[PDB]
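Understanding the architecture of this molecule
What follows is the residue order along each chain.
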Amino acid sequence: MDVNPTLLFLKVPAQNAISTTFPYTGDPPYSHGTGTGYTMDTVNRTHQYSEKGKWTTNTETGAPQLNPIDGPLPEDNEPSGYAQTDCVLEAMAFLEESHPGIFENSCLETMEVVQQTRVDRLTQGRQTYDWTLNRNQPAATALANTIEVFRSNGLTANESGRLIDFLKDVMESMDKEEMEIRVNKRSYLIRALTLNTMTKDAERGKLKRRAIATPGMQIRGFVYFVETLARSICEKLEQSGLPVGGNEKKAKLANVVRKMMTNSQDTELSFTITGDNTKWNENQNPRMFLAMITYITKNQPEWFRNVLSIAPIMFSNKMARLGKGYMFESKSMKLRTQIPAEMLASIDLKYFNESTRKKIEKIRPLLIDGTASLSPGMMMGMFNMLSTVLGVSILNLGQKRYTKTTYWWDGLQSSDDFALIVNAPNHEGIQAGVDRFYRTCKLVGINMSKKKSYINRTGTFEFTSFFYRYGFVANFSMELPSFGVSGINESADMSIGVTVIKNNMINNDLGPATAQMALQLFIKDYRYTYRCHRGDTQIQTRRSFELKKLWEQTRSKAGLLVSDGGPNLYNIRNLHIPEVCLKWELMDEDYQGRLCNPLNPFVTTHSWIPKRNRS
Amino acid sequence: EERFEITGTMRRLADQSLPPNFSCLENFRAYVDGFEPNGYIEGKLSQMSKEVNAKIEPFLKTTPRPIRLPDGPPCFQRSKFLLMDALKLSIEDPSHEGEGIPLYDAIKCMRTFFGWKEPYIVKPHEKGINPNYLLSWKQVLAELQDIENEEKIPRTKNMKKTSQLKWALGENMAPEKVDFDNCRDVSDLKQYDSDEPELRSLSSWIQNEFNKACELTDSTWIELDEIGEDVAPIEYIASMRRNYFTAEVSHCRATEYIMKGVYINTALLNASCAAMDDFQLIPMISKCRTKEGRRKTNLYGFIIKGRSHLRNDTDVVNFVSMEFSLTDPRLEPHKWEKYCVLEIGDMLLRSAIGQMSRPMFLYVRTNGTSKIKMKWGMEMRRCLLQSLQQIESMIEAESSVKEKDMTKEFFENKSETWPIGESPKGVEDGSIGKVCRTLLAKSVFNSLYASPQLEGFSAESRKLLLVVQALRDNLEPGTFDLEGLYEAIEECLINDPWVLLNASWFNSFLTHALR
Amino acid sequence: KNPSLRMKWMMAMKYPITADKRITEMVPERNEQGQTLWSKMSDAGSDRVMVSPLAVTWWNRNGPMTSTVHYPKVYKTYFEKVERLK
Amino acid sequence: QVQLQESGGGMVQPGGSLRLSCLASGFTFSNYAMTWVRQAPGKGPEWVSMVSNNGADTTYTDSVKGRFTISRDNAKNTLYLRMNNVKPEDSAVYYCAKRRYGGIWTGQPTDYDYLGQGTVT
RNA sequence: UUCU
RNA sequence: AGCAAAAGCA
């Protein structure tokens, strides 16, 4: 015999047995090293697809920066970020025609958030890169450090606490020549436009890393506004992929293939594409969003038309700090030397590797105080919710009111993935309807990949790991987070464990069987951690004796808590109830007397505060 | 509220962020307001060349060619511990004696086998000094027999720092650090030896190592906790599926690994944080539960871990691993390429007929383990759940046809014949139980052999599948550029023998599905 | 960078939690079996009154004995779900 | 109605193994909890073990922990029991049972509906 | 630093 | 020595 699982696909189909392929071994691949050798690659590739554009030097920053917008048209099928400004607005204009007044209403719900927000809603975010210390810090301390700098000067209009008064300060700080931390005008701008790089780790579904970048402080407030606006705009739409998610997306995927599948003039083909756009971020240029933002904000007030307009101005002159650097060596003396990032602008080229010389060569011009400068593209991880509306406008062309021809389409779009559903009365009409989309989607700067895409008759396709057979929409959005202990306290972990399993059952598709078994592995990790094995178990540890003292001391043992002595009493019918309210009446008068004691000296008498140093 | 004027400085930035034929913001803003659709898009297309097009290359039953595997020397084993060749000493003790401290449960377990020869070398390493291991097995043995003469009841024995335990770990085999201002004078510099890895071929031993995992055993190997009582119907549907599952996987050799790759990692992780500088002796211990209801406490081998000054998320600690086995290293040497082979004695034993008196070997070798290839071991029990999520969905696919509950699939001992094997001259089938072990072992091996290559093959060996399944169902499929997909698959087949195997399973699925 | 592992490690060490001086006079120094739960590092600020988790389970088998019925009346929304299940 | 039979009973030397078995009919076997009680000669009965409708929640007497295992099979409507390393005083007649509640903990553990045809020495 |  | 891969821990 010679066992072979992937012969399983001869009887059972693929869309049902697809879970065999997901190896779930995507977490432990991490990044080994510093991670600058990749950031010198993304800067190069951003400048090879947009080389034809006229490049000029910028004022009060001293740096060249490319601009391929409105440039010539391509000839090769390779990627290209040569957009056309008279074409993008033409698409977003027709979006208003098919969807009346969608823009003027969406801005109104944002026109009040700008006046009804608070600065503290900013700090609830991911890690940031403060511009004072030149090191990644959390969102909590980076605000107190930068606001003290603003307070150090005469400007203290932040006292109102509104976020909009934090933006008036930075706007009133960027004009002063020298700042008092010392540092001049041309040295302070370069520090506020930075986007620190770092090699991406834990890539689930890719061979090699990606070299994402994290933003500063002043910039992350503006992008919160525009990201809010593109959320509402992409909420009222029908073919969205990013904001609509979870189990409700399971429904939207079947409505599209019901509308477009209605067979009038039943002599017509119906094909469906599964797609993936390559280099989605290397091509998009903020100069196009500035055309979009000022078109969304048509006839609106002036001050509100300004604030949203500011963020792409900063992305349009951005700069990416390089990593910690390289580490040379010598086998003779057997040492290692850590090179900084700035010295690469002065180090001799002969020590480096041959291909590492090819990177530094093309990047040798783009060097501003040990900091490269690029503006033909966007950085990974930054805002793209607005850039989903762009490709959606291409899905609007195809209602037969903009083609004036027999072929037509309509589809569904996440950021990097889509799916079209084409219709025409012969094979040849289909080959033209798709040849118009690959072309029309290139004038906007959104390339389509010809390796990660296939085509088939309708009834089955892929989209965002929501595999669709004729009527089955089995989803694999996110993997399982191990159902492990967190590490806060007794009563805290046991609440988090039996609610995450609840949410993963109604949001994702988690069966009734693999929710019980998951509750056996969680409690197995909860008892070993806190050493709370129940009495009748004959285990022995540094805590075991006193638990058996209480075990024999009580009458009805179903009332005790699991944290000390008691049994598990949950199932997949009552996960939405905390432990104490479940077995409250079940407890005897003795345990109940000592459990909820208002004179509890520890501090809910199980919830404590552990010893934390944060070394 | 009032922002009627932006500034005089950043205003100069915005005029530097506009399209080419624009040199002002106010003169550009009103151009947008004055925009109306005059059919610009149909004009640009009339200038785009005809070399920008998507030609439907139709898929057919003769287009997909087989993947071309690497060619080169055969591969080697790179597992943290042994898989099929292991050998375990046991006490066979209800109310096993030690039972709280692995050391005394290990020393007490060692007194069963006797007849230990003097140590003896069998096959050198071919790269490194071999006698520096032979002086460790004697070193550990004297420190082990020392306990019975001491009888102090120690919890764990920090070994000695002899030269023999100073080299195979490499305490001071590292280079020195200095800045560039002092190093620039040196003229022997180099970035690093970052180059392309070596291409390895496919060997046979990994097929004879996966079959033996999808095979029954005698014991249970796992004991899970309890839950409440079920009253609803949706719960009985779960308790019926899960109970049919657990009674078809507990008697499996792959669950031995799930509970062997936990006790090893968690003790190595708990000790290596509380005792950094000093060495230690960590016995590989696995606690079983046999047929008769009789506990056991087995022992697979010892471990010796060196210095561990770990501060960041990805540090490294290295250890030596001593493992018992009978597999005479003279038939598959390329598998035991990195292993040092000793000889300890002869297990005087007789088969059902005749006698063997076969030898008993040891496999010593160093290793390395970050602080994440340990935490990826203690969560192997997640592997069971990932093998049940598959079986559950395969049942709820039939649910769209009829009731299709689990009852009509698990029994009916031979009613569907799931084809999970390729015997010569055919595809021999088996019941769902043999499936519910094969999905598990494939899932366990995906954690032991975790690597970036496997993450890339599955991402690109999935689209070639769906394109095939649309052909067999006759939905008239098509692709755009095929040879760009193969070349992005073969780029991930370098040296890992697991990935180098799945490209022999996939390559034998096309030949039987008529491509 | 992960709290769970720090909860398994720190529980390997004795006296992981913290409480101020009121716990000191209430319970004894060590249990009858000898296991200690009232260590003291003699700090200047709060004296470092650190206690082992054994004091928790000890407090639930022996300690004060209150008669309040206030707690059932606070968690009312969580008590309303109890009747629907039954 | 309630039907409960026994099997596997037989004399055996000490320190030996044995496996009992039972059988049911006339009710939902996968919806009620079972126990095992034993009557020693000249002594009242007492509980030995319990088990739930999932096959999960098991308990035991204080004096027989680690030496008795209990396991049910809802499909064949049986209730096995494996006792290893039998003590000398364990010789007595064993009586099957059937709880009323699905769980085990609630209420006191005592037999309610059964007859112990099976015995052992 | 005991996951039967 | 080995870990493990496009650069780092020894």
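A few points about the overall build of chain C
For chain C, the count of helices and strands is five helices and three strands. Rg of the C-alpha trace for chain C: 18 Å, well past the compact-globule value of 12 Å for 86 residues, more than 25% over. Once the C-alpha set of chain C is aligned to its principal axes, its extents read approximately 50 × 40 × 30 Å. In chain C, the proportion of contacts linking residues at least 24 apart, taken out of those at least 6 apart, comes to 50%. Element-wise, carbon and sulfur atoms account for 57% of the exposed surface of chain C, whose accessible area totals about 5500 Å². For chain C, the separation between the mean place of its 15 positive charges and that of its 8 negative charges on side chains is 8 Å.

Quick notes on the overall build of chain A
Looking only at helices and strands, chain A features 20 helices and 14 strands. By principal-axis analysis of the C-alpha atoms, chain A measures approximately 85 × 75 × 65 Å.

A closer look at the interface of chain B and chain A
Listed as interface residues are 143 residues of chain B and, on the opposing side, 149 residues of chain A. It is helix α11 (residues 382–398) of chain B that provides the largest number of residues to the side of chain B that touches chain A, a total of twelve residues. Classifying every residue of the side of chain B that touches chain A by side-chain character gives 60 nonpolar, 38 polar and 45 charged. Summarising the sheet, strand β14 (residues 454–457) of chain A and strand β9 (residues 478–479) of chain B pair through two bridges and their orientation is antiparallel. Each bridged residue has a counterpart across the sheet, and for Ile-455 of chain A the counterpart in β9 of chain B is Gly-478 of chain B.

A word on the interface of chain D and chain B
Taken together, the contact between chain D and chain B spans 13 residues of the former and 17 residues of the latter. Both faces considered, chain D and chain B share a buried interface measuring about 1300 Å² in area, 40% of it formed by carbon and sulfur atoms. It is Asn-54, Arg-82 and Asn-84 of chain D in chain D that bury the most area against chain B; as a group they hold 41% of the surface buried on that side. The interface formed by chain D and chain B contains eight residue pairs in polar contact. Residue composition of the side of chain D that touches chain B, by class: two nonpolar, nine polar and two charged.

What about the packing of aromatic side chains?
All names here are of chain B. The final tally for this structure, using the stated rule, is 42 aromatic pairs over all chains. Arranged with centres 5.5 Å apart and planes meeting at 50°, the rings of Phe-210 and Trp-505 form a pair that is tilted. Separated by 295 residues along the polypeptide, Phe-210 in the loop between α7 (180–183) and α8 (233–249) and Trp-505 in helix α17 (residues 499–509) bring together distant segments of the chain. Ring plane angle 5° and centroid distance 5.9 Å describe the contact between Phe-445 and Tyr-449, whose orientation is recorded as stacked.

Looking at the pairing of strand β9 (residues 327–330) of chain A
Direction of pairing for β9 of chain A relative to strand β10 (residues 335–338) of chain A: antiparallel, over a ladder of four bridges. Residue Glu-329 of chain A lies in a different strand from β10 of chain A, and its bridge partner there is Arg-336 of chain A.

Overview of the protein's contact with RNA strand F
Close to RNA strand F lie 29 residues; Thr-34, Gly-325 and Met-327 of chain A together with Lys-338 and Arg-365 of chain B are nearest. For RNA strand F, the backbone portion of the atoms within 4 Å of the protein, that is sugar and phosphate, comes to 65%. Within the side chain of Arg-336 of chain A, one N or O atom sits 3.4 Å away from a phosphate oxygen of RNA strand F. With respect to RNA strand F, the side chain of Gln-191 of chain B contributes an N or O atom lying 3.3 Å from a phosphate oxygen.

Describing a positive patch on the surface
Among the surface-exposed residues, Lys-200, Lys-206, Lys-208 and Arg-210 of chain A lie close enough to one another that they form a single positively charged patch. Inspection of the secondary structure puts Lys-208 of chain A in the loop between β5 (196–198) and β6 (212–214).

Side note on a negative patch on the surface
Together, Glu-75, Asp-76 and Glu-78 of chain A together with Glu-51 of chain B line one region of the surface with negative charge. With respect to the element layout, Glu-78 of chain A can be found in the loop between β2 (64–65) and α2 (85–98). Residue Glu-78 of chain A is classed as exposed on the basis of its relative accessible area of 52%.

A closer look at the domain arrangement of chain A
Residue and element names in this part refer to chain A. We note that the domain assignment places domain 1 (8–59 + 70–239 + 280–393), domain 2 (247–279 + 394–457) and domain 3 (490–595) within chain A. Just the C-alpha atoms count here: the centres of domain 1 and domain 2 sit 30 Å apart. Domain 1 puts 28 residues into the contact, and the matching count from domain 2 is 26 residues. The three residues of domain 1 that bury the most area against domain 2 are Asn-77, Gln-239 and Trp-280, which together make up 28% of that side's buried surface.

A look at the packing of α11 of chain B against helix α13 (residues 432–448) of chain B
In a pair of packed helices, the angle between the axes and the distance between the axes together describe the arrangement. All names here are of chain B. Interhelical geometry of α11 versus α13 gives an angle of 135° and a closest axis separation of 9 Å. Judged by the inter-axis angle, α11 sits oblique to α13. Remark: the crossing between α11 and α13 carries right-handed chirality. Only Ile-432, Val-435, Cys-436, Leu-439, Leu-440, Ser-443 and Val-444 of α13 make contact with α11, whose side of the interface consists of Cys-383, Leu-384, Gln-386, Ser-387, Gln-390 and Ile-391. Grouping the constituent residues of the contact of α11 with α13 by class yields nine nonpolar, four polar and no charged.

Focus: the sheet that holds strand β4 (residues 46–51) of chain D
Residues and elements named next belong to chain D. A sheet is described by the order of its strands in space; here four strands give the open sequence β5-β4-β3-β8, paired in antiparallel fashion. Edge positions in the open sheet fall to β5 (58–60) and β8 (93–95), since each of these has one partner strand only. In this sheet, adjacent strand axes meet at a mean angle of 20° when their direction is disregarded. Of the pairings in the sheet, the one linking strand β3 (residues 34–39) to β4 comprises five bridges and is antiparallel in character. Bridge pairing in β4 places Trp-36 opposite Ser-49.

Quick word on helix α1 (residues 3–12) of chain C
Restricting attention to buried positions, one finds in α1 of chain C the residues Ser-4, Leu-5, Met-7, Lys-8 and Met-11 of chain C. Buried residues of α1 of chain C, viewed axially, fall in a sector of 160°; they line one side. Of the surrounding secondary structure, the elements contacted by the buried residues of α1 of chain C are α17 (516–530) of chain A.

Quick notes on the protein's contact with RNA strand E
What surrounds RNA strand E is a group of 21 residues, the closest being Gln-540 and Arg-542 of chain A together with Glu-223, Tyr-263 and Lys-287 of chain B. Near the protein, meaning within 4 Å, the atoms of RNA strand E are sugar or phosphate in a fraction of 51%, with bases accounting for the rest. Contacts to RNA strand E include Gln-540 of chain A, whose backbone N or O atom sits 2.7 Å from a base nitrogen. The separation between a base nitrogen of RNA strand E and a polar main-chain atom of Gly-100 of chain B is 3.0 Å. Taken together, the residues of the surface near RNA strand E break down into six nonpolar, six polar and nine charged.

Section: the sheet that holds strand β1 (residues 17–18) of chain C
Residue and element names in this part refer to chain C. The strand order across the open sheet formed by three strands is β1-β3-β2, and the pairing between neighbours is antiparallel. The strands lining the two open edges of the sheet, one partner per strand, are β1 and β2 (39–40). Examined bridge by bridge, β1 and strand β3 (residues 49–51) share two bridges and lie antiparallel to one another. Its bridge partner lying in β3, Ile-17 is registered against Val-51.

Quick notes on the environment of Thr-407 of chain B
Residue position: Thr-407 of chain B is located in helix α12 (residues 407–410). Assessed through its relative accessible area of 34%, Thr-407 of chain B is described here as partly exposed.

Examining the nonpolar core
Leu-167, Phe-383 and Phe-437 of chain A are the most contacted members of the largest nonpolar core, which totals 110 residues. Of the domains in this structure, domain 1 (8–59 + 70–239 + 280–393) and domain 2 (247–279 + 394–457) of chain A are the two that each give at least three residues to this core. Not counting chain neighbours up to four residues away, the residues in contact with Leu-167 of chain A comprise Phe-222, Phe-225 and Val-307 of chain A together with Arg-3 of chain B.

Let's talk about the arrangement of the chains
The highest contact count of any of the five pairs of chains in contact belongs to chains A and B. Spatially, chain C and chain D are disjoint, and the shortest separation between their C-alpha atoms is 14 Å.

Quick look at a nonpolar patch on the surface
Taken together, the side chains of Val-74, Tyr-75 and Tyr-78 of chain C make up a nonpolar region of the molecular surface, amounting to roughly 290 Å² of accessible area. As for its placement among the helices and strands, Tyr-75 of chain C is situated in the loop between α4 (71–74) and α5 (76–85).

Things to note about the pattern of salt bridges
A full pass over the atoms with the stated rule returns 45 salt bridges over all chains. Close ionic contact of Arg-61 of chain C with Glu-546 of chain A constitutes a salt bridge, the shortest N to O distance being 2.3 Å. Of the two residues, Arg-61 of chain C sits in helix α3 (residues 54–61) while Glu-546 of chain A sits in helix α18 (residues 544–553), which places them in two different chains. For the residue pair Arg-61 of chain C and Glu-546 of chain A, the accessibility class agrees, reading buried in each case. In this structure, the salt-bridge partner of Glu-483 of chain B is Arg-65 of chain B, at a minimum N-O distance of 3.1 Å. Pair noted here: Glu-483 of chain B is in helix α16 (residues 483–490) and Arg-65 of chain B is in the loop between β1 (57–58) and α4 (102–110), with a separation of 418 residues, a long-range link. What you see here is one network of salt bridges that share partners, running through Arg-527, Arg-534 and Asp-536 of chain A, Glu-226 of chain B together with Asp-57 of chain D.

Calculation rules
Residues numbered from 1 in each chain as written, not as in the entry; some residues may be left out. Chains lettered and ligands numbered in written order. Heavy atoms only, no water. Residues with missing side-chain atoms left out of burial classes, pairs and counts. Helix = DSSP H or I, 4+ residues; strand = E, 2+ residues; numbered from the N terminus. Rg over C-alpha atoms; globule rule 2.2 N^0.38 Å. Contact = heavy atoms within 4.5 Å. Areas by Shrake-Rupley, 256 points an atom, 1.4 Å probe, with all protein chains shown as cover. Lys, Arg positive; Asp, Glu negative; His and termini not counted. Charge placed at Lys NZ, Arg CZ, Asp CG, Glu CD. Nonpolar A, V, L, I, M, F, W, Y, C, P; charged D, E, K, R; others polar. Pairing = 2+ DSSP bridges. Buried area = accessible area lost by both parts, 1.4 Å probe. Polar contact = N/O pair within 3.5 Å; in protein donor to acceptor, adjacent residues only side chain to side chain. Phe/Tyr/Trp six-rings, centres within 6.5 Å; stacked < 30°, edge-to-face > 60°. Near = heavy atom within 4 Å. Patch = residues over 30% accessible without salt bridge, like charges linked within 9 Å, V, L, I, M, F, W, Y side chains within 5 Å. Salt bridge = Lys/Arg side-chain N within 4 Å of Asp/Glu carboxyl O. Buried < 20%, exposed > 50% of the residue type's maximum accessible area, 1.4 Å probe, protein only. Domains from an automatic or database assignment. Axes fitted to C-alpha atoms, helices over the stretch in contact; angles between N-to-C directions. Parallel < 35°, antiparallel > 145°, perpendicular 65-115°, else oblique. Left-handed = near helix turned anticlockwise from the far one by under 90°. Arc of directions from axis to C-beta. Core = buried A, V, L, I, M, F, W, Y, C linked by side-chain atoms within 4.5 Å.

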